[PDB]
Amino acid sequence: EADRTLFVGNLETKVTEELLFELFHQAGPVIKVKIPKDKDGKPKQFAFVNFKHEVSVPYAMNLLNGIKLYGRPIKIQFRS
């Protein structure tokens, strides 16, 4: 459930689900990364990361919050 998910914001426009998958894979096994779309099909500037293990969520916050992707620090928030 939400126990295993993180919100990642402040994404530079070139950040993709693939790139975020690889980065957060360093914190623990990742199931999927979702960058949502608007009604017109445009990608948003934030993502949801779904981990395999809840324990990876607090660790990923400490490991990766503020890390710069294409010069912009990602902003991680808990969802639960």
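Residue numbers here begin at 1 and follow the sequence given.
Note on 51 to 59 vs 36 to 44: mean CA B-factor is higher in 36 to 44.
Split the chain's modelled residues into thirds by C-alpha temperature factor. Residue 65 is in the lowest one. Ranked within its chain, residue 15 lands in the highest third, by CA B factor from the PDB record. Looking at the C-alpha B-factors along this chain, the one for residue 8 belongs to the middle third.
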